[PDB]
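Visitor: In the order they appear, the protein sequences are chains L and E. If you're matching positions, the first sequence starts at 40 in the UniProt record's numbering and goes up one per residue. If you're matching positions, the second sequence starts at 217 in the UniProt record's numbering and goes up one per residue. Using N, Cα and C, we set each Cβ at its ideal position, and we do this for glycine too.
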Amino acid sequence: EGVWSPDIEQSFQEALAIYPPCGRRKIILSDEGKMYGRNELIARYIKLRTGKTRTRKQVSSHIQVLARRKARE
Amino acid sequence: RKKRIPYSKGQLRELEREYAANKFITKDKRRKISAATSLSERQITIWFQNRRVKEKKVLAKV
DNA sequence: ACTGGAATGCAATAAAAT
DNA sequence: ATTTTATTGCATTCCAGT
Numbered sequence: 040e041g042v043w044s045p046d047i048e049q050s051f052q053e054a055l056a057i058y059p060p061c062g063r064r065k066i067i068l069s070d071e072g073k074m075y076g077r078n079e080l081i082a083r084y085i086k087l088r089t090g091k092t093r094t095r096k097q098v099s100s101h102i103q104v105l106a107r108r109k110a111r112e
Numbered sequence: 217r218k219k220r221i222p223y224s225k226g227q228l229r230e231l232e233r234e235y236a237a238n239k240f241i242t243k244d245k246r247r248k249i250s251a252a253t254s255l256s257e258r259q260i261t262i263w264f265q266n267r268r269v270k271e272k273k274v275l276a277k278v
């Protein structure tokens with residue numbers, strides 16, 4: 040196992056599927072002062088499901104590393 | 217895997233001269249160099265990383 | 001002013017050429 | 001055995017969109 044433990048990974052694979060099925064949406068995250076984003080809402084759900092924290096740049100990096108892997112099939 | 221391609225005398229005479237002139241690259245430089253060198257921008261990006269790493273390695277044993 | 005995402009950096013590492 | 005290209009797993013920095 041590494042940084043993204045498989046237990047966290049699956050929380051990320053839920054977070055993905057139950058925030059977007061395929062990305063989507065035009066910035067309907069702020070109505071009051073609550074300014075959210077995809078990654079941050081992922082990191083949040085990781086906290087709510089694992090207790091383990093992990094910041095928005097980790098969620099940034101991870102997605103990019105995955106994309107790379109996918110592309111180099 | 218893979219195969220590793222060894223860049224020619226021209227390719228490296230180009231690179232070494234530009235590294236000597238400056239240690240890291242900027243897009244402007246990758247582009248210009250890439251044209252003259254006949255290599256990928258990607259490759260250039262790496263060659264600099266590695267060339268640096270070679271320099272770092274030589275600041276080690278006493 | 002906030003953000004997600006691309007580009008870039010770096011350490012570890014692999015393997016062909018020398 | 002050392003040197004020269006190339007990749008991978010993170011982080012960190014740079015570029016826009018809203």
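#1: Is L:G72 helix, strand or coil by DSSP?
#2: DSSP state of L:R63, grouped into three classes?
#3: Excluding the 5 residues preceding and the 5 following E:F264 in the sequence, name in chain order all residues of the same chain whose CB lies nearer than 6 Å to its CB.
#4: Give the straight-line distance between the Cα atoms of E:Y223 and E:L255, rounded to the nearest whole angstrom.
#5: What residue range is occupied by the uninterrupted alpha helix (DSSP H) comprising E:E230?
#6: Taking Cβ positions, are L:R95 and L:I85 nearer each other than 8 Å?
#7: Which whole-angstrom value describes the C-beta separation of E:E230 and E:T253, a residue pair presumed to lie in contact below a C-beta threshold of 8 Å?
Guide: Reading off the structure:
#1: coil
#2: coil
#3: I241
#4: 9 Å
#5: 225 to 237
#6: no
#7: 5 Å
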